[PDB]
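A short worksheet on the structure shown next.
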Amino acid sequence: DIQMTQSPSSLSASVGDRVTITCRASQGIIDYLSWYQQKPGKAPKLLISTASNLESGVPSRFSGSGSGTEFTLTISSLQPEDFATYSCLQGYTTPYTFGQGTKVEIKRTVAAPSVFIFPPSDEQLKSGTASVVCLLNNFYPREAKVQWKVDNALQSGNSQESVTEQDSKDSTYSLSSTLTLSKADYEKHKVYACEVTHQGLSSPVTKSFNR
Amino acid sequence: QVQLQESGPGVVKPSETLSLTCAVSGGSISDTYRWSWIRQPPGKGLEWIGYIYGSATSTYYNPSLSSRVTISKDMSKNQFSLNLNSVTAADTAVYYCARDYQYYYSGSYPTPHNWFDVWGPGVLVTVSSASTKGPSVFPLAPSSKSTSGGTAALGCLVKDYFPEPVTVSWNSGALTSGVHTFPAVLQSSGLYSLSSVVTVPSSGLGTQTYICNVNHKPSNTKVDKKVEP
Amino acid sequence: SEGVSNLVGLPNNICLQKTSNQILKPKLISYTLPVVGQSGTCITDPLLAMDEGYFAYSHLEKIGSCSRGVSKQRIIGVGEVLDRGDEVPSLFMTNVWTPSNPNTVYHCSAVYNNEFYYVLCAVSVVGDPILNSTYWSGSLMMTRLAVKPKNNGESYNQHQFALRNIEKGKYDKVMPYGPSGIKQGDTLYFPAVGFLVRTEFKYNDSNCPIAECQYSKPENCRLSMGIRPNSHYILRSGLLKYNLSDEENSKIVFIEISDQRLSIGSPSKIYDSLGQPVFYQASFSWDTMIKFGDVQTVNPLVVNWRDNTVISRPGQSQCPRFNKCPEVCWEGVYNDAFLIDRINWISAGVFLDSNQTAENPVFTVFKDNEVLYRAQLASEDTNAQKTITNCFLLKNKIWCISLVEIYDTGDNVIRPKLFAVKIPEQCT
Ligand SMILES: *[C@@H]1O[C@H](CO[C@@H]2O[C@@H](C)[C@@H](O)[C@@H](O)[C@@H]2O)[C@@H](O[C@@H]2O[C@H](CO)[C@@H](O[C@@H]3O[C@H](CO)[C@@H](O)[C@H](O[C@H]4O[C@H](CO)[C@@H](O)[C@H](O)[C@@H]4O)[C@@H]3O)[C@H](O)[C@H]2NC(C)=O)[C@H](O)[C@H]1NC(C)=O
Ligand SMILES: *[C@@H]1O[C@H](CO[C@@H]2O[C@@H](C)[C@@H](O)[C@@H](O)[C@@H]2O)[C@@H](O[C@@H]2O[C@H](CO)[C@@H](O[C@@H]3O[C@H](CO)[C@@H](O)[C@H](O)[C@@H]3O)[C@H](O)[C@H]2NC(C)=O)[C@H](O)[C@H]1NC(C)=O
Ligand SMILES: *[C@@H]1O[C@H](CO)[C@@H](O[C@@H]2O[C@H](CO)[C@@H](O[C@@H]3O[C@H](CO)[C@@H](O)[C@H](O)[C@@H]3O)[C@H](O)[C@H]2NC(C)=O)[C@H](O)[C@H]1NC(C)=O
Ligand SMILES: *[C@@H]1O[C@H](CO)[C@@H](O)[C@H](O)[C@H]1NC(C)=O
C-alpha cells in the first residue's frame with residue numbers, strides 16, 4: 001500500500017495561532033488526499049477533499065495544499081472549537097491508507113483547579129474495598145498530580161489518575177484521582193487528604209475526617 | 001439523511017472469529033457503489049479493512065487482513081457484515097461502518113477521487129479471554145469538603161465492570177452543564193475505574209434531584225442511581 | 001523534401017530484434033506548437049490527430065486544480081506536420097478556433113478529408129454527458145477547419161454544422177468518444193459511443209467468459225457494461241459516420257461494434273496503417289490487456305482483436321493492471337497503440353508502467369506476446385495519464401509522435417508533452 005507518514009504526532013497552540021500539519025506519501029498521489037477531523041467519541045468529519053477543496057459548511061480558516069508527495073493542512077486562526085486529531089486519507093490506490101493522526105491541543109493561562117474530596121460510600125464499605133475520590137476541575141494545565149498522604153504515610157501506586165480531554169468551551173482539563181484501600185484499612189487511619197500540584201503556588205491541601 | 005449503525009458483541013475471545021453487522025437507515029445499499037468497514041486501534045491510526053460493492057458481489061480487502069476478512073451483505077435488511085477470523089489481541093479496536101464517495105471530473109478519465117462521506121458512531125470490540133460483568137454504582141455524595149460555598153460537586157463512582165464500554169448521563173440527559181466523565185484507565189482488578197462528576201450551585205442541594213443513569217451495553221444495565229448529601 | 005507522408009508501402013527496415021539497448025532516443029518537440037506553453041493553469045482533455053501531413057489538436061484550459069478547476073478556454077486547431085530541418089518531424093499550427101463558451105464543448109474527435117479537418121464534438125448544458133447521462137440533450141456539433149487557411153476568407157477557414165438528423169437506432173444518445181477517425185472516400189468515421197437503456201440490453205450471462213476465474217460471477221460483464229452496475233444506460237463503442245456527399249449537412253449515423261470481446265464503451269480510435277484500418281478501444285473495465293486490431297469490416301464494425309499478452313493499463317481498484325477476469329469496475333486510461341509493421345505485427349505506444357497508480361510513461365515497440373524495445377519518457381516516479389500515438393513516414397523512415405499528459409513533479413498541474421521518436425533500423 002501507499003504509506004502516509006503524518007507529522008507532528010501532537011501539537012498545542014494558543015487561540016488565534018496558525019497550525020500546520022503535514023503528511024507525506026510513499027508514492028505520488030497527485031490530488032487524492034482527504035483531510036479529516038475527529039473529536040472525542042464521534043465519527044470523523046471531512047474538512048478538505050482533493051487536496052485543496054474546502055467542503056461546504058467547513059470554516060474558511062481550514063486550507064489545504066499539496067505537491068503530490070507532501071500535503072499540508074493549515075488552520076489559519078485556531079479557535080477553541082478546532083481541537084481534534086486530524087488525519088490523512090489517500091484515496092488513490094487500494095488499500096486506502098490513513099495518516100497516523102495528529103492531536104491539536106490548545107494552550108491557555110491562569111486556570112486554578114477547584115479541588116474536591118469524596119468520602120467512601122457506605123454501600124461500598126459493606127462490599128470490601130473503599131475508593132476515596134478527589135476532583136480537580138476546570139484547569140489548565142492538565143497536570144494537577146494528586147498525592148494522598150494516607151494518614152501521614154506517603155502513598156505511591158495505591159492510587160491512579162484519570163484525566164479528561166481538553167474542553168471545547170474554555171480549554172480546561174479535569175482530573176479524577178481514586179484511592180482504593182480496603183474497608184479495614186479505611187477505618188483505622190480515620191484521616192484522609194488529597195494534595196494537589198499545579199501552577200497555583202499555594203500547595204493547597206484538602207482534608208477529610210472519618211465520620 | 002442517511003445514517004449507519006454498528007452492532008456487535010463488544011468482547012471476542014482470542015483465536016475465535018469476530019463479527020459485526022451494520023444497519024443502514026435512510027437509503028438502500030443498492031443506491032451507493034461501495035460500502036466499507038474500517039477500524040481504529042486505541043492510540044493508533046485509522047486502518048481501512050475493506051469494501052463490498054453496493055449492487056454487485058465484488059469485494060476488496062486490505063492485504064494486512066485479506067486471509068482473515070470476509071465482508072457480506074443482506075439486501076433484505078439493508079445490512080452488511082464483517083467477519084474477521086482468528087482474532088488476536090492486536091485486533092482490539094473501534095470499528096466503523098462507512099460508505100464511499102467517488103468524485104469524477106471527466107467521463108474520459110475514469111480515475112475517481114475516493115473518500116468516505118458517511119460514518120457510523122463506531123463500536124469498540126475487545127479481544128480478551130475474560131468474562132463479562134456489569135457495573136455497580138455508588139454515590140459520591142456532596143459534602144462540606146466538596147462545597148466551595150458557591151459551587152458543590154457531586155458524582156457517581158462506576159465500579160467493577162468488564163468490559164470498558166459504558167454510557168452515563170445526569171438526570172437522563174437534561175443536565176449537561178459542568179458535567180465531566182473521566183476516561184477509565186485499567187483498574188488493578190482488571191475491571192474499569194472511572195469517576196463521573198458534576199458541578200452545581202451549592203445553594204440548590206436538597207431542593208434539586210440528581211440521577212446517574214448508568215448503562216452497560218455488553219452486560220445489559222440501565223442504572224438510575226441517585227446522590228444525596 | 002521536408003514532407004510527412006502516411007505509413008504506406010515498404011518503409012525502411014526497423015529493428016525486428018528484441019533488445020534492451022537504448023536504441024530508442026525520443027525528441028521533445030512541443031516547442032513549435034507553442035499553444036501548450038503555460039505556467040500553472042491546468043491543460044486537459046487533449047486531442048491529437050494526424051493524417052496526410054496535417055494534424056488536428058485540442059485542449060481545455062481550466063483555472064485552478066485539474067480536477068475541480070473552472071473551464072477557461074477550449075482550443076481546437078489544425079496545422080501541418082513537417083521536417084523542421086534536421087530530419088525530425090514537428091507540428092506547426094495553421095488554423096485555430098476558440099469555442100465561444102468552453103462549458104458546452106465535450107469529447108471532441110477529429111477526421112481529415114481533402115484539405116479540411118472535421119471535428120465532431122458533443123454539446124451539453126448538463127455537464128459531462130457521460131457523468132450526467134440521462135439529462136444530456138444529445139446534441140452534436142461539427143466544426144470544419146481548413147488546414148490551408150486563406151486570407152480574408154470565411155466559411156472556407158471555419159464552418160460549423162448543426163447535426164439535426166442523428167440515426168441512433170435503439171440507443172437514446174450517441175456521442176464522439178475518442179481522438180481520431182478515418183476517411184473512406186467521401187465518408188468520415190469518428191470513434192463514438194452509444195447510450196442504451198440497460199433494460200433494453202439483451203445479454204445472456206452464459207456468454208460471460210468466467211473460465212479460469214474462480215472468483216468471477218457470470219453476471220459480471222453484463223453488469224460492468226455500464227459505469228455502475230445500476231446504471232440506467234450501458235455504453236457501447238462504435239463509429240459515427242458522416243457522408244459529405246449527402247445533400248444536407250444534418251445527418252450522422254451510428255454503427256455499433258461487434259459483440260466480440262465486448263467491453264464497456266470506451267474512448268476509441270480508428271486509424272489507417274499500411275493499407276488497412278486498425279481500431280483501438282481503451283480498457284475501462286475488467287479486460288485490462290490491450291484491445292486493438294485490424295478492422296475486418298467498418299460497417300458492420302468487426303475488429304480482429306490481437307491476443308496481446310504483454311501490454312496493459314494501470315487501475316486503482318478491482319481491475320488492476322494485468323487483469324483478464326470479469327469484474328465490476330470503471331477504471332483505466334487511454335494509452336493507444338499504432339501499428340508500424342503488419343508483416344509481423346509490431347506496434348508502438350506510450351504506456352504507464354505501474355499496476356495501480358498512473359506513473360512512469362514508457363514508449364514501447366511490441367508484438368502480441370513480446371515487447372521488442374522500450375524507452376522511458378520521464379523519470380520512473382513521474383505521474384502521467386493519457387497517451388496518443390500516431391506514426392508516419394519522413395524520407396521513408398518510420399517516425400511516431402506521441403502526446404503524453406505529464407504532471408509537474410512539484411506542482412501537480414498537468415501539461416501535454418509532444419515527443420517525436422524515430423524507430424531505428426539497427427539494434428545497437
Ligand atoms: C504488479 O502486478 C503483477 C501481476 O498482476 C497481478 O498478479 C497477481 C499477483 C494478482 O495480484 C493478479 O490479480 C494481478 O493481475 C505482479 O507480477 C506478478 O507477480 C507474481 C508474484 O511475484 C507472479 O506470480 C508468480 O508467477 C511465477 C511464474 O511467472 C510462479 O512461478 C510463482 O509461483 C511461485 O509462488 C507461488 C506462490 O506465490 C507458489 O504457489 C508456486 O509454487 C511458486 O513457488 C508465482 O505464482 C505473477 O506471475 C506476476 N505476474 C506478471 C504478469 O508478471 C507484480 O509483482 C506487481 N507489482 C508489484 C510492485 O506488486
Ligand atoms: C455516401 O453518399 C454518396 C451519395 O449519396 C447520394 O445522396 C443523396 C443526397 C442522393 O441525392 C443520391 O445522389 C445519392 O444516393 C453515395 O454514393 C452513391 O452510392 C450509391 C450506392 O453505392 C450509388 O448508386 C449507384 O447507382 C448506379 C446507377 O447508375 C449503379 O450503376 C451503381 O452500381 C450504384 O448502385 C450512387 O451512384 C452514388 N452516388 C454518387 C454521386 O456517387 C455513397 O455510397 C455513400 N457512402 C456511404 C459509405 O454511405
Ligand atoms: C444533471 O443535469 C440536470 C440539468 O437540468 C440537473 O437538473 C437540475 O439541476 C439543478 C442544479 O443542479 C437542480 O437544482 C436547482 O438549482 C436552482 C439553483 O441553480 C435552485 O434554486 C432550485 O431550487 C433547484 O434546487 C434542479 O433541481 C435539477 N432538476 C432536476 C429535475 O433534477 C441535475 O441537477 C444534474 N444532476 C447531476 C447529478 O449532475
Ligand atoms: C440468449 O439465448 C436465447 C436462447 O437461445 C436466444 O434466443 C437469445 O437471442 C440469446 N441472446 C443473446 C444476446 O445472445
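Here, A, B, ... name the chains of the C-alpha cells in the order displayed, residue numbers run from 1 inside each chain, and ligands are numbered from 1 in the same displayed order.
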
Region 46-53 of chain C: which residues within 8 Å, counting only C-alpha atoms, same-chain residues fewer than 6 positions away excluded, as a list in words?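 So, after excluding close chain neighbours, the residues are residues 3, 4, 5, 6, 59, 60, 80, 81, 82, 108, 109, 110, 111, 112, 179, 180, 388, 390, 403 and 416 of chain C.
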
Which residues are near residue 89 (chain A)? Cut-off 10 Å, only C-alpha atoms, ignore same chain within fewer than 5 positions. Put them as an NGL selection string. (:A and (4 or 23 or 32-36 or 46 or 49 or 96-100)) or (:B and (46-48 or 114-116))

Write out, as a PDB file, in the first residue's frame, the residues just selected, with C-alpha atoms.
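The resulting file, part06.pdb, is reproduced below:
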```pdb
ATOM      1  CA  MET A   4       1.226   8.098   4.795  1.00  0.00           C
ATOM      2  CA  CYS A  23       1.664  14.396   5.651  1.00  0.00           C
ATOM      3  CA  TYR A  32      -6.002  12.358  -3.896  1.00  0.00           C
ATOM      4  CA  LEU A  33      -5.676  13.492  -0.295  1.00  0.00           C
ATOM      5  CA  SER A  34      -8.561  13.963   2.107  1.00  0.00           C
ATOM      6  CA  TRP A  35      -8.197  15.849   5.396  1.00  0.00           C
ATOM      7  CA  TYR A  36     -10.437  14.678   8.249  1.00  0.00           C
ATOM      8  CA  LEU A  46     -14.250  15.538   6.270  1.00  0.00           C
ATOM      9  CA  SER A  49     -11.179  16.868  -0.303  1.00  0.00           C
ATOM     10  CA  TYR A  96      -6.745   3.126   1.250  1.00  0.00           C
ATOM     11  CA  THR A  97      -4.327   4.470   3.832  1.00  0.00           C
ATOM     12  CA  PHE A  98      -4.679   6.913   6.718  1.00  0.00           C
ATOM     13  CA  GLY A  99      -2.060   9.083   8.315  1.00  0.00           C
ATOM     14  CA  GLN A 100      -1.247   8.320  11.910  1.00  0.00           C
TER      15      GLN A 100
ATOM     16  CA  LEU B  46      -7.154   4.591  11.311  1.00  0.00           C
ATOM     17  CA  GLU B  47      -6.980   1.420   9.238  1.00  0.00           C
ATOM     18  CA  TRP B  48      -9.121   0.539   6.227  1.00  0.00           C
ATOM     19  CA  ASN B 114     -12.126   8.294  -3.182  1.00  0.00           C
ATOM     20  CA  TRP B 115     -13.047   9.132   0.403  1.00  0.00           C
ATOM     21  CA  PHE B 116     -15.764   8.379   2.976  1.00  0.00           C
TER      22      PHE B 116
END
```

Determine, counting only C-alpha atoms, which protein, DNA and RNA residues have an atom within 6 Å of an atom of region 129-136 of chain B; residues of the same chain fewer than 5 positions away are not included. Present the result as a list in words.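 Selected residues are residues 13, 158, 159, 160, 161, 162 and 219 of chain B.
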
Near chain B, which residues of chain A fall within 9 Å when you count only C-alpha atoms, and what do they look like as JSON, numbers by chain? {"A": [1, 31, 32, 33, 34, 41, 42, 43, 44, 45, 46, 49, 50, 87, 89, 90, 91, 92, 94, 95, 96, 97, 98, 99, 100, 101, 114, 115, 116, 117, 118, 119, 120, 121, 122, 123, 124, 131, 133, 134, 135, 137, 160, 161, 162, 163, 164, 165, 174, 175, 176, 177, 178, 206, 207, 208]}

Using only C-alpha atoms, which chain C residues lie at most 9 Å away from chain B, written as an MDAnalysis selection string? chainID C and resid 45 66:68 107 128:131 177:178 215:217 220 223 228:230 266:267 284 315:318 327:328 330:334 385:386

Around ligand 4, at most 7 Å away and counting only C-alpha atoms and all ligand atoms, which residues are there? Put them as an NGL selection string, please. :C and (202-204)

Okay, now the selection with N, CA and C atoms, as a PDB file, in the first residue's frame?
```
ATOM      1  N   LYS C 202     -30.030  -6.699 -24.420  1.00  0.00           N
ATOM      2  CA  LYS C 202     -30.178  -8.147 -24.432  1.00  0.00           C
ATOM      3  C   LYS C 202     -28.810  -8.806 -24.279  1.00  0.00           C
ATOM      4  N   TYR C 203     -28.632  -9.543 -23.184  1.00  0.00           N
ATOM      5  CA  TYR C 203     -27.391 -10.251 -22.910  1.00  0.00           C
ATOM      6  C   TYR C 203     -27.735 -11.503 -22.120  1.00  0.00           C
ATOM      7  N   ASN C 204     -27.105 -12.614 -22.478  1.00  0.00           N
ATOM      8  CA  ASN C 204     -27.149 -13.829 -21.678  1.00  0.00           C
ATOM      9  C   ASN C 204     -25.862 -13.935 -20.872  1.00  0.00           C
TER      10      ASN C 204
END
```

Give me the residues near residue 71 (chain B) as a PyMOL selection string, where near means some atom within 7 Å (using only C-alpha atoms) and where sequence neighbours in that chain fewer than 3 positions away do not count. chain B and resi 52+81-83

Within 7 Å of chain A: each chain C residue with its shortest pair, only C-alpha atoms, as CSV:
```
residue,atom,partner,partner_atom,distance
C:316,CA,A:93,CA,4.6
C:317,CA,A:94,CA,5.7
C:356,CA,A:93,CA,6.0
C:357,CA,A:93,CA,6.6
C:410,CA,A:67,CA,5.2
C:411,CA,A:67,CA,5.5
C:412,CA,A:30,CA,5.8
```

Export of prior selection with N, CA and C atoms as a PDB file, in the first residue's frame:
```pdb
ATOM      1  N   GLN C 316      -6.648   1.602 -10.248  1.00  0.00           N
ATOM      2  CA  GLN C 316      -6.550   1.684  -8.771  1.00  0.00           C
ATOM      3  C   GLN C 316      -7.312   0.598  -8.022  1.00  0.00           C
ATOM      4  N   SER C 317      -8.549   0.304  -8.412  1.00  0.00           N
ATOM      5  CA  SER C 317      -9.303  -0.667  -7.580  1.00  0.00           C
ATOM      6  C   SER C 317     -10.082  -1.732  -8.349  1.00  0.00           C
ATOM      7  N   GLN C 356      -1.133   0.170 -10.311  1.00  0.00           N
ATOM      8  CA  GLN C 356      -2.282   0.897  -9.786  1.00  0.00           C
ATOM      9  C   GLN C 356      -2.225   2.383 -10.107  1.00  0.00           C
ATOM     10  N   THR C 357      -1.151   3.065  -9.716  1.00  0.00           N
ATOM     11  CA  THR C 357      -1.003   4.485  -9.979  1.00  0.00           C
ATOM     12  C   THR C 357      -0.805   4.730 -11.472  1.00  0.00           C
ATOM     13  N   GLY C 410       6.607  19.021  -8.875  1.00  0.00           N
ATOM     14  CA  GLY C 410       6.371  19.826  -7.695  1.00  0.00           C
ATOM     15  C   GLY C 410       4.994  20.454  -7.623  1.00  0.00           C
ATOM     16  N   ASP C 411       4.323  20.600  -8.767  1.00  0.00           N
ATOM     17  CA  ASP C 411       3.122  21.425  -8.864  1.00  0.00           C
ATOM     18  C   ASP C 411       1.817  20.649  -8.774  1.00  0.00           C
ATOM     19  N   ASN C 412       1.762  19.434  -9.323  1.00  0.00           N
ATOM     20  CA  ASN C 412       0.544  18.655  -9.549  1.00  0.00           C
ATOM     21  C   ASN C 412      -0.325  19.230 -10.655  1.00  0.00           C
TER      22      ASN C 412
END
```

Environment of ligand 1 within 7 Å, counting only C-alpha atoms and all ligand atoms, reported as an MDAnalysis selection string: chainID C and resid 320:323 355

Could you give me, as CSV, every chain C residue with an atom at most 8 Å from ligand 2, plus its closest atom pair and distance in Å to one decimal, counting only C-alpha atoms and all ligand atoms, rows ordered by chain then number?
```
residue,atom,partner,partner_atom_place_in_ligand_line,distance
C:184,CA,ligand 2,48 (C),7.4
C:185,CA,ligand 2,46 (N),7.8
C:186,CA,ligand 2,1 (C),6.3
C:187,CA,ligand 2,48 (C),5.5
C:241,CA,ligand 2,48 (C),7.9
C:243,CA,ligand 2,1 (C),4.9
C:244,CA,ligand 2,1 (C),6.9
C:245,CA,ligand 2,2 (O),4.7
C:246,CA,ligand 2,9 (C),4.5
C:247,CA,ligand 2,9 (C),4.3
C:248,CA,ligand 2,9 (C),7.3
```
